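Notes follow the structure.
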Amino acid sequence: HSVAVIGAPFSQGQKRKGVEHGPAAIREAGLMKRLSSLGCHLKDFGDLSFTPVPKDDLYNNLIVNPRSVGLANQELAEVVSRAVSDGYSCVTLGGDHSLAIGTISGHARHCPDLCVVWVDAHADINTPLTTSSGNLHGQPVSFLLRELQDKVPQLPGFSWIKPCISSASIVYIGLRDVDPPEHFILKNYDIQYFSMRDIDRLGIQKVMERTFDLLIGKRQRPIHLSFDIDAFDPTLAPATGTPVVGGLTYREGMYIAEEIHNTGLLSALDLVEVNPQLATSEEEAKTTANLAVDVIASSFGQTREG
Amino acid sequence: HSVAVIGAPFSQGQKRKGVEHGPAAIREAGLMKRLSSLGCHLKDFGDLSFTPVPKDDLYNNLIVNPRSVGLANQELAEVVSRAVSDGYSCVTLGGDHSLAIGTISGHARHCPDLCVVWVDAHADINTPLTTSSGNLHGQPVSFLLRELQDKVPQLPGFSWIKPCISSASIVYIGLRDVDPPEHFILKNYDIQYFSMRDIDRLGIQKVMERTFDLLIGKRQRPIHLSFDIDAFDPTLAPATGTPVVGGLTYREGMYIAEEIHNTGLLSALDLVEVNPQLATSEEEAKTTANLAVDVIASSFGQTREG
Amino acid sequence: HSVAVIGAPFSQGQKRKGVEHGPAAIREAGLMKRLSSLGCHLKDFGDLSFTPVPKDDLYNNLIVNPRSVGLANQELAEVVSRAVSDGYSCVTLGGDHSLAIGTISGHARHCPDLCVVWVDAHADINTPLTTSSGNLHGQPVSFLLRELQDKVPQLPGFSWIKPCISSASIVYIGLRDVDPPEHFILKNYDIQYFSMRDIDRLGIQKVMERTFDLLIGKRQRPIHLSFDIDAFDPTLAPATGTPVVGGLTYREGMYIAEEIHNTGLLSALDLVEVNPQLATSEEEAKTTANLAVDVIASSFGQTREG
Ligand SMILES: CN[C@](CCCC[B-](O)(O)O)(CCN1CCCCC1)C(=O)O
Ligand SMILES: CN[C@](CCCC[B-](O)(O)O)(CCN1CCCCC1)C(=O)O
Ligand SMILES: CN[C@](CCCC[B-](O)(O)O)(CCN1CCCCC1)C(=O)O
Ligand SMILES: [Mn+2]
Ligand SMILES: [Mn+2]
Ligand SMILES: [Mn+2]
Ligand SMILES: [Mn+2]
Ligand SMILES: [Mn+2]
Ligand SMILES: [Mn+2]
């Protein structure tokens with residue numbers, strides 16, 4: 001089993017400095033040794049340097065860094081597509097969540113029947129017409145879902161995207177901070193999600209059972225796990241840009257990752273939004289990075305029973 | 001929907017200074033803006049000034065401030081009764097829990113078929129003959145329950161009080177610090193409760209289901225939610241007078257409030273025992289107040305899925 | 001109901017200084033008063049002084065202090081045997097977990113059909129041939145299980161030990177840090193365990209129900225509860241030698257202890273691995289000791305409903 005690791009020090013999907021240091025932080029927390037110990041053959045692509053775009057003015061006076069986000073994602077997609085085509089399960093370290101535009105595009109370029117498990121406090125499904133922040137890290141799913149495209153305008157730097165993934169092929173876990181237009185979208189397009197309230201009711205075991213029945217209950221499909229560290233409670237993952245109280249416990253996060261591993265179908269994984277600069281202490285920074293490593297390792301087979 | 005907000009800075013139901021500043025702390029945490037954002041039409045009564053009673057000596061050399069507690073509650077009951085009669089859902093900010101004598105009395109005046117959900121680490125059902133502290137905030141239920149009245153002595157300042165509620169019409173959630181005479185009372189009078197142990201066994205979803213079956217299983221009734229912030233684990237609500245380890249999680253507390261809102265039957269709510277002076281840091285005081293606001297907002301419709 | 005308390009300030013089953021101060025820390029947290037208040041008649045044996053062994057050199061260049069651990073356990077077994085023979089439920093305060101060799105051996109002398117509930121982050125079932133640390137506190141179960149004895153070499157100081165119980169007579173609860181040889185042993189000998197993952201799935205109520213069905217489902221048996229404080233999440237029990245993230249919550253630990261009491265069969269209890277010197281603050285040391293007292297008190301009848 002072979003794993004590719006790509007650092008994507010992405011910060012222009014949002015406004016807070018420091019998230020570009022996520023990949024280094026996760027690596028420093030021992031990611032590569034942990035994967036090796038599990039028996040993963042590794043190819044490290046290092047941390048990418050993305051091509052800058054001159055005069056990348058706001059789109060519609062609101063959407064920030066659109067060409068820079070578009071181009072960085074186009075470049076990322078090429079690296080991801082090549083890794084997956086070469087037989088690697090592809091781990092991308094963020095960086096802000098706008099990079100999932102590139103990792104999912106690149107993954108789908110080799111594996112068009114992929115499904116997505118999106119683990120996050122947020123749905124990240126605002127469009128350029130509904131976002132109240134202008135930050136592309138809160139919009140990436142809108143560019144990817146086929147059924148939404150007639151409601152998503154063409155941004156500069158975004159023309160290369162081919163959104164063929166169905167709204168029936170993504171399931172959210174963890175949701176507790178959803179903007180009203182996002183809620184409208186989830187309901188109107190019948191997109192399946194398990195909010196923190198659903199987890200409180202069902203328990204994480206049944207959440208994972210139902211998630212897989214929805215996505216792979218009829219046929220085996222490669223799985224893309226896009227994991228925003230802010231899915232965890234801020235007490236566990238404080239070093240992140242949009243923390244929301246009442247999140248996943250450590251055990252719940254490990255359980256999600258274990259069930260992902262147990263499918264035997266994990267094909268790519270994003271671990272995004274670790275921002276070491278937002279920690280109030282080096283301890284807070286390190287615990288957040290340690291947690292990120294635990295998620296990735298559990299997704300590739302680390303168990304609690306040995 | 002119209003919501004009345006009443007500050008009741010009572011402290012004389014107990015001995016620790018500062019709980020009178022609970023209402024202010026909860027306001028400062030953004031309560032009014034939060035309720036407005038949900039669509040609530042608001043009538044703010046401000047913080048009431050209760051008539052003092054000079055030389056309010058101990059009763060039976062134990063009971064603390066009985067005439068003051070009795071009179072403040074008579075005054076509060078009139079304000080609550082008037083607000084309910086004007087069609088408001090009544091939110092009362094404490095202040096110590098002895099104020100529930102007044103809010104439930106005032107509420108029952110126009111809604112005699114009300115039921116009570118009492119969320120608390122404690123049962124608050126000692127009588128003047130069983131209390132070992134003398135503090136009236138640990139006795140309010142004893143004055144309210146019809147079945148107990150031949151066991152409750154007449155206190156100075158308490159003659160206006162009629163027991164309004166049957167023992168079958170209150171359910172406790174959260175109990176973990178119960179005095180032996182209270183346990184005797186709960187068992188002897190078949191009063192229904194879900195202790196922290198019951199929550200550990202059933203899960204909060206089932207606890208709320210059974211709570212409503214017990215109270216509103218046969219008919220719709222107005223609901224009085226009396227919520228003591230100390231129901232929450234002290235790590236979440238440290239600024240309170242009688243913290244007890246092993247409490248509700250943030251998620252459980254939100255779930256309770258959501259289920260209350262989902263009945264469509266919430267008619268009055270108490271949020272008591274926030275004492276900002278007992279915080280060891282201003283952060284501890286603020287987080288307790290923020291949590292109080294979260295409870296009240298969720299009880300009137302704030303959701304985690306937006 | 002009579003309870004014996006034995007301090008066993010064992011440290012030579014491992015390499016970190018300070019665990020020998022565990023018994024004092026637990027006593028200082030109010031253990032004896034708490035047990036008396038529940039109605040337990042107490043015999044305090046004090047803290048034992050074990051006979052040292054000169055030149056207690058490594059066995060096989062790896063196993064640390066074998067003669068010292070062997071002799072201390074022989075001496076402890078004598079005290080536990082006497083206390084059980086005199087009709088006391090025997091509480092032993094550690095000290096490192098190698099002391100369970102002595103307490104279970106002593107207990108089994110008069111109560112050979114005892115069963116063991118082993119609450120721990122670890123299985124402690126390495127043998128002298130599988131341990132990678134050499135630390136006997138991670139090996140005690142290997143010496144106790146009859147099915148394993150063809151695989152357990154004879155250590156100096158260990159000749160007195162007769163493998164007491166069957167592999168079908170121990171159930172683990174809480175496991176999350178298991179060495180590969182231990183995992184092999186648990187599987188190969190069909191030893192039943194509930195890892196943290198199993199708890200996440202089943203809930204602690206079902207875990208206790210199934211534990212009792214496995215051990216006492218068809219006959220009543222005296223229970224030996226061997227409780228390593230590291231079963232709890234390190235946020236709750238930081239003062240311990242081998243903390244592992246993702247442990248039991250406070251409520252889960254109380255529930256386990258409550259169920260043990262509810263069987264009416266508790267015959268001996270170990271509370272081990274509290275090391276106050278490993279706390280980073282006095283508060284960390286005290287909360288760990290306080291938790292130890294709560295476990296013991298709940299195991300002997302302290303309830304959360306009064
Ligand atoms: C929920 N929507 C937000 C947050 C996006 C977080 C991105 B992710 O990668 O971390 O999950 C926030 C919108 N709210 C901000 C606060 C005021 C109300 C709107 C947005 O900026 O779109
Ligand atoms: C449980 N009963 C107590 C606490 C009441 C808390 C009031 B509430 O509004 O906050 O829920 C405490 C009884 N004491 C007996 C043993 C010594 C300390 C507690 C009392 O004072 O009656
Ligand atoms: C899991 N086995 C360990 C820990 C024993 C803990 C003893 B107990 O009483 O506290 O539960 C550790 C094995 N090591 C192997 C990998 C490197 C670090 C741990 C051992 O030393 O045998
Ligand atoms: Mn997020
Ligand atoms: Mn995200
Ligand atoms: Mn209380
Ligand atoms: Mn109360
Ligand atoms: Mn252990
Ligand atoms: Mn142990």
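Each chain of the structure tokens is named A, B, ... in the order shown, its residues numbered from 1; ligands are numbered from 1 in display order.
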For the interface of chain A with ligand 1 (cut-off 7 Å, counting only C-alpha atoms and all ligand atoms), please tabulate each contacting residue of chain A alongside its nearest pair of atoms and their separation in Å to one decimal, rows sorted by chain and increasing number, as CSV.
```
residue,atom,partner,partner_atom_place_in_ligand_line,distance
A:96,CA,ligand 1,9 (O),6.1
A:97,CA,ligand 1,9 (O),4.3
A:98,CA,ligand 1,9 (O),6.8
A:120,CA,ligand 1,11 (O),5.9
A:121,CA,ligand 1,11 (O),6.2
A:122,CA,ligand 1,11 (O),4.5
A:123,CA,ligand 1,11 (O),6.5
A:124,CA,ligand 1,11 (O),5.3
A:126,CA,ligand 1,22 (O),6.1
A:131,CA,ligand 1,22 (O),5.3
A:132,CA,ligand 1,19 (C),5.9
A:133,CA,ligand 1,21 (O),4.7
A:134,CA,ligand 1,21 (O),6.7
A:135,CA,ligand 1,21 (O),5.4
A:137,CA,ligand 1,9 (O),4.7
A:138,CA,ligand 1,5 (C),3.8
A:139,CA,ligand 1,22 (O),6.5
A:177,CA,ligand 1,1 (C),5.6
A:178,CA,ligand 1,1 (C),5.0
A:179,CA,ligand 1,1 (C),5.2
A:228,CA,ligand 1,9 (O),6.4
A:230,CA,ligand 1,10 (O),6.7
A:241,CA,ligand 1,10 (O),6.7
A:242,CA,ligand 1,10 (O),5.6
A:273,CA,ligand 1,10 (O),6.4
```
>> List as an NGL selection string the protein and nucleic acid residues near region 141-147 of chain A, meaning an atom at most 9 Å away when only C-alpha atoms are counted, but skip any in the same chain fewer than 4 places from it.
In response: :A and (98 or 100-101 or 104-105 or 123-128 or 151-152 or 158 or 161-167 or 169-170 or 189)
> What is the CA of residue 159 (chain B)-CA of residue 20 (chain B) distance in Å, reported with one decimal?
Replying inline: 24.8 Å
> Smallest atom-to-atom distance to residue 211 (chain A): which of A:88, A:232, A:250, A:172, using only C-alpha atoms?
Replying inline: A:172
> Per DSSP on the backbone, what are the strand (DSSP E) residues of region 113-183 of chain B, as an NGL selection string?
Replying inline: :B and (115-119 or 170-175)
For the selection you just gave me, I'd like the residues written to a file as a compact mmCIF listing (two decimals), in the first residue's frame, keeping N, CA, C and O atoms.
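After the write, part27.txt holds the following:
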```
# COMPACT_ATOMS: atom_id res chain seq x y z
N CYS B 115 -46.44 22.04 33.14
CA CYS B 115 -45.52 21.03 33.66
C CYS B 115 -44.14 21.66 33.76
O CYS B 115 -43.88 22.72 33.18
N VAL B 116 -43.25 21.01 34.51
CA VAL B 116 -41.94 21.58 34.82
C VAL B 116 -40.84 20.61 34.45
O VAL B 116 -40.86 19.44 34.86
N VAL B 117 -39.89 21.09 33.65
CA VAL B 117 -38.67 20.35 33.40
C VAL B 117 -37.56 21.08 34.17
O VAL B 117 -37.27 22.24 33.90
N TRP B 118 -36.98 20.39 35.15
CA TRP B 118 -36.03 20.98 36.08
C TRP B 118 -34.65 20.42 35.78
O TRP B 118 -34.35 19.25 36.08
N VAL B 119 -33.80 21.23 35.16
CA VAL B 119 -32.48 20.76 34.72
C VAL B 119 -31.44 21.29 35.70
O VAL B 119 -31.29 22.50 35.84
N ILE B 170 -43.58 17.27 37.34
CA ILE B 170 -42.20 17.74 37.25
C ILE B 170 -41.28 16.58 36.89
O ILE B 170 -41.46 15.47 37.40
N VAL B 171 -40.34 16.81 35.98
CA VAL B 171 -39.31 15.83 35.70
C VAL B 171 -37.95 16.50 35.84
O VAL B 171 -37.76 17.60 35.33
N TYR B 172 -37.05 15.85 36.56
CA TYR B 172 -35.67 16.34 36.70
C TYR B 172 -34.76 15.73 35.66
O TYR B 172 -34.88 14.54 35.32
N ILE B 173 -33.81 16.53 35.17
CA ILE B 173 -32.74 16.00 34.33
C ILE B 173 -31.41 16.54 34.82
O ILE B 173 -31.23 17.75 34.95
N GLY B 174 -30.51 15.65 35.17
CA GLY B 174 -29.18 16.05 35.48
C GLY B 174 -28.63 15.74 36.84
O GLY B 174 -27.53 15.97 37.11
N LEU B 175 -29.47 15.14 37.64
CA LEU B 175 -29.15 14.99 39.07
C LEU B 175 -27.94 14.15 39.50
O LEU B 175 -27.85 12.95 39.21
```
Give me, as a compact mmCIF listing (two decimals) with N, CA, C and O atoms, in the first residue's frame, the residues of chain A touching chain B, with the criterion being at most 10 Å (counting only C-alpha atoms).
```
# COMPACT_ATOMS: atom_id res chain seq x y z
N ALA A 121 -17.00 21.31 10.81
CA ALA A 121 -18.05 22.07 11.51
C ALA A 121 -18.95 22.77 10.50
O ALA A 121 -20.08 23.17 10.83
N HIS A 122 -18.44 22.91 9.28
CA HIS A 122 -19.09 23.73 8.26
C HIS A 122 -19.36 22.93 7.00
O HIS A 122 -18.65 21.97 6.71
N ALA A 123 -20.37 23.34 6.23
CA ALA A 123 -20.72 22.67 4.98
C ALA A 123 -19.87 23.16 3.81
O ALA A 123 -19.75 22.47 2.79
N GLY A 174 -20.47 16.29 11.14
CA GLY A 174 -19.94 17.22 12.10
C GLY A 174 -20.54 18.60 12.16
O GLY A 174 -20.16 19.38 12.98
N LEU A 175 -21.48 18.83 11.29
CA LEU A 175 -21.95 20.20 11.03
C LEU A 175 -22.66 20.94 12.16
O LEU A 175 -23.71 20.51 12.64
N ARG A 176 -22.10 22.08 12.55
CA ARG A 176 -22.75 22.91 13.56
C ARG A 176 -22.70 24.42 13.34
O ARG A 176 -23.14 25.18 14.19
N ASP A 177 -22.18 24.85 12.20
CA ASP A 177 -22.13 26.29 11.88
C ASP A 177 -22.43 26.50 10.39
O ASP A 177 -21.53 26.59 9.55
N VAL A 178 -23.72 26.54 10.09
CA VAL A 178 -24.21 26.49 8.71
C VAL A 178 -24.95 27.79 8.41
O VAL A 178 -25.88 28.16 9.13
N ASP A 179 -24.54 28.49 7.35
CA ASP A 179 -25.19 29.76 6.98
C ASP A 179 -26.55 29.45 6.38
O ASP A 179 -26.71 28.41 5.75
N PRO A 180 -27.53 30.36 6.55
CA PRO A 180 -28.88 30.09 6.03
C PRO A 180 -28.94 29.72 4.53
O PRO A 180 -29.67 28.79 4.19
N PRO A 181 -28.17 30.41 3.66
CA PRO A 181 -28.20 29.92 2.27
C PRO A 181 -27.62 28.52 2.11
O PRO A 181 -28.03 27.79 1.21
N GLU A 182 -26.68 28.14 2.97
CA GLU A 182 -26.14 26.78 2.90
C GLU A 182 -27.20 25.77 3.31
O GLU A 182 -27.30 24.70 2.72
N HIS A 183 -27.97 26.10 4.34
CA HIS A 183 -29.04 25.21 4.79
C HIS A 183 -30.07 25.04 3.68
O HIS A 183 -30.53 23.93 3.42
N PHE A 184 -30.40 26.12 3.00
CA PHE A 184 -31.32 26.04 1.87
C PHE A 184 -30.77 25.09 0.81
O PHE A 184 -31.50 24.26 0.27
N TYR A 193 -26.45 14.89 5.42
CA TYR A 193 -25.49 15.33 6.43
C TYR A 193 -25.86 14.79 7.80
O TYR A 193 -27.03 14.55 8.10
N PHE A 194 -24.84 14.62 8.63
CA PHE A 194 -25.05 14.28 10.03
C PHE A 194 -24.45 15.41 10.86
O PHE A 194 -23.23 15.51 11.00
N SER A 195 -25.32 16.25 11.39
CA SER A 195 -24.89 17.39 12.19
C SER A 195 -24.46 16.89 13.56
O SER A 195 -24.60 15.70 13.87
N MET A 196 -23.94 17.78 14.40
CA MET A 196 -23.57 17.34 15.75
C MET A 196 -24.78 16.79 16.50
O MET A 196 -24.66 15.87 17.33
N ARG A 197 -25.95 17.37 16.20
CA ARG A 197 -27.21 16.93 16.79
C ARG A 197 -27.54 15.50 16.36
O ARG A 197 -27.98 14.69 17.18
N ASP A 198 -27.35 15.20 15.08
CA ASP A 198 -27.53 13.83 14.61
C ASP A 198 -26.56 12.88 15.31
O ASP A 198 -26.92 11.74 15.62
N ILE A 199 -25.33 13.33 15.55
CA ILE A 199 -24.38 12.47 16.24
C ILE A 199 -24.84 12.24 17.69
O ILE A 199 -24.75 11.12 18.21
N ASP A 200 -25.34 13.30 18.33
CA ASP A 200 -25.86 13.20 19.71
C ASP A 200 -26.97 12.15 19.80
O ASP A 200 -27.09 11.46 20.81
N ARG A 201 -27.78 12.08 18.75
CA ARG A 201 -28.94 11.18 18.71
C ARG A 201 -28.54 9.75 18.34
O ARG A 201 -28.89 8.80 19.03
N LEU A 202 -27.80 9.62 17.24
CA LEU A 202 -27.51 8.30 16.67
C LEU A 202 -26.29 7.63 17.28
O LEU A 202 -26.22 6.40 17.37
N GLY A 203 -25.32 8.44 17.70
CA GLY A 203 -24.02 7.91 18.07
C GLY A 203 -23.19 7.74 16.82
O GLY A 203 -23.72 7.48 15.73
N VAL A 245 -17.72 25.92 19.12
CA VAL A 245 -17.90 25.06 20.29
C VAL A 245 -18.85 23.89 20.00
O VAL A 245 -19.72 23.99 19.13
N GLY A 246 -18.68 22.80 20.74
CA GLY A 246 -19.58 21.67 20.65
C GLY A 246 -19.24 20.68 19.54
O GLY A 246 -20.15 20.16 18.90
N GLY A 247 -17.95 20.42 19.33
CA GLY A 247 -17.52 19.59 18.21
C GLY A 247 -17.29 18.12 18.53
O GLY A 247 -17.63 17.65 19.62
N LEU A 248 -16.71 17.40 17.57
CA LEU A 248 -16.37 15.98 17.77
C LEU A 248 -15.45 15.82 18.97
O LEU A 248 -14.56 16.65 19.18
```
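Separating CA of residue 50 (chain A) from CA of residue 106 (chain A) is a distance of 15.5 Å.
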Nearby residues (only C-alpha atoms) at most 12 Å from residue 54 (chain A), same-chain spacing under 2 positions excluded, as a PDB file with N, CA, C and O atoms, in the first residue's frame:
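Full text of result-v1.pdb as output:
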```pdb
ATOM      1  N   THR A  51       2.032  29.139  -8.254  1.00  0.00           N
ATOM      2  CA  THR A  51       2.337  30.283  -9.099  1.00  0.00           C
ATOM      3  C   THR A  51       1.456  31.462  -8.702  1.00  0.00           C
ATOM      4  O   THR A  51       0.230  31.333  -8.643  1.00  0.00           O
ATOM      5  N   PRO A  52       2.073  32.622  -8.411  1.00  0.00           N
ATOM      6  CA  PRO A  52       1.276  33.803  -8.075  1.00  0.00           C
ATOM      7  C   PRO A  52       0.610  34.408  -9.309  1.00  0.00           C
ATOM      8  O   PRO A  52       1.061  34.179 -10.435  1.00  0.00           O
ATOM      9  N   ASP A  56      -4.529  40.282  -8.692  1.00  0.00           N
ATOM     10  CA  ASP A  56      -5.639  39.365  -8.496  1.00  0.00           C
ATOM     11  C   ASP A  56      -6.710  40.078  -7.686  1.00  0.00           C
ATOM     12  O   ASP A  56      -6.924  39.777  -6.504  1.00  0.00           O
ATOM     13  N   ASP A  57      -7.375  41.037  -8.334  1.00  0.00           N
ATOM     14  CA  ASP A  57      -8.376  41.883  -7.694  1.00  0.00           C
ATOM     15  C   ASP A  57      -9.579  41.080  -7.226  1.00  0.00           C
ATOM     16  O   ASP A  57      -9.853  39.998  -7.753  1.00  0.00           O
ATOM     17  N   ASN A  65      -8.992  36.889  -3.749  1.00  0.00           N
ATOM     18  CA  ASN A  65      -7.951  36.098  -4.391  1.00  0.00           C
ATOM     19  C   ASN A  65      -8.472  35.012  -5.348  1.00  0.00           C
ATOM     20  O   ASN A  65      -7.970  33.886  -5.318  1.00  0.00           O
ATOM     21  N   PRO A  66      -9.454  35.336  -6.212  1.00  0.00           N
ATOM     22  CA  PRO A  66     -10.028  34.240  -7.008  1.00  0.00           C
ATOM     23  C   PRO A  66      -9.050  33.590  -7.984  1.00  0.00           C
ATOM     24  O   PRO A  66      -8.993  32.362  -8.047  1.00  0.00           O
ATOM     25  N   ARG A  67      -8.292  34.381  -8.740  1.00  0.00           N
ATOM     26  CA  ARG A  67      -7.340  33.792  -9.682  1.00  0.00           C
ATOM     27  C   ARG A  67      -6.225  33.018  -8.978  1.00  0.00           C
ATOM     28  O   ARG A  67      -5.753  31.994  -9.483  1.00  0.00           O
ATOM     29  N   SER A  68      -5.801  33.509  -7.816  1.00  0.00           N
ATOM     30  CA  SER A  68      -4.731  32.856  -7.067  1.00  0.00           C
ATOM     31  C   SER A  68      -5.215  31.498  -6.551  1.00  0.00           C
ATOM     32  O   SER A  68      -4.490  30.510  -6.629  1.00  0.00           O
ATOM     33  N   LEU A  71      -5.770  29.160  -9.711  1.00  0.00           N
ATOM     34  CA  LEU A  71      -4.535  28.644 -10.293  1.00  0.00           C
ATOM     35  C   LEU A  71      -3.823  27.687  -9.348  1.00  0.00           C
ATOM     36  O   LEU A  71      -3.306  26.655  -9.779  1.00  0.00           O
TER      37      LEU A  71
END
```
>> Set the distance at 6 Å and use only C-alpha atoms: which residues neighbour residue 23 (chain B) once local chain neighbours fewer than 6 positions away are removed? I'd like the list as an NGL selection string.
In response: :B and (7 or 93-94)
Kindly save the residues from that selection, with C-alpha atoms included, as an mmCIF file, in the first residue's frame.
```cif
data_model
loop_
_atom_site.group_PDB
_atom_site.id
_atom_site.type_symbol
_atom_site.label_atom_id
_atom_site.label_comp_id
_atom_site.auth_asym_id
_atom_site.auth_seq_id
_atom_site.Cartn_x
_atom_site.Cartn_y
_atom_site.Cartn_z
ATOM 1 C CA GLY B 7 -33.783 40.171 35.443
ATOM 2 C CA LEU B 93 -32.547 35.507 34.596
ATOM 3 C CA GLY B 94 -31.197 34.686 38.065
#
```
> How far is it from CA of residue 253 (chain C) to CA of residue 4 (chain C), in Å with one decimal?
Replying inline: 22.2 Å
> Which residues come within 10 Å of residue 45 (chain C), counting only C-alpha atoms, excluding same-chain residues fewer than 4 positions away, as number ranges by chain?
Replying inline: C: 4-8, 79, 83, 92
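With only C-alpha atoms taken into account, the protein and nucleic acid residues at most 10 Å from residue 49 (chain B) (excluding it and anything under 6 positions from it in its own chain) are residues 7, 8, 9, 10, 72, 75 and 76 of chain B.
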Any chance you can output those residues with N, CA and C atoms as a tab-separated table (two decimals), in the first residue's frame?
```
chain	number	residue	atom	x	y	z
B	7	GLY	N	-34.94	40.37	34.60
B	7	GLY	CA	-33.78	40.17	35.44
B	7	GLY	C	-34.25	40.07	36.88
B	8	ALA	N	-33.86	39.00	37.57
B	8	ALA	CA	-34.20	38.83	38.98
B	8	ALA	C	-32.93	38.61	39.79
B	9	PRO	N	-32.26	39.71	40.15
B	9	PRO	CA	-30.97	39.60	40.83
B	9	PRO	C	-31.10	39.11	42.28
B	10	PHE	N	-31.68	37.93	42.47
B	10	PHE	CA	-31.77	37.47	43.83
B	10	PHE	C	-30.54	36.73	44.31
B	72	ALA	N	-39.68	38.78	47.82
B	72	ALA	CA	-39.13	38.95	46.48
B	72	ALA	C	-39.85	38.03	45.49
B	75	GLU	N	-43.35	39.33	44.69
B	75	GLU	CA	-43.23	40.41	43.73
B	75	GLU	C	-42.90	39.89	42.34
B	76	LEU	N	-41.99	38.92	42.27
B	76	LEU	CA	-41.61	38.34	40.98
B	76	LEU	C	-42.82	37.63	40.35
```
>> Which of region 81-200 of chain C end up as alpha helix (DSSP H) when DSSP is run on this backbone - answer as number ranges by chain?
In response: C: 81-85, 100-110, 180-188, 196-200
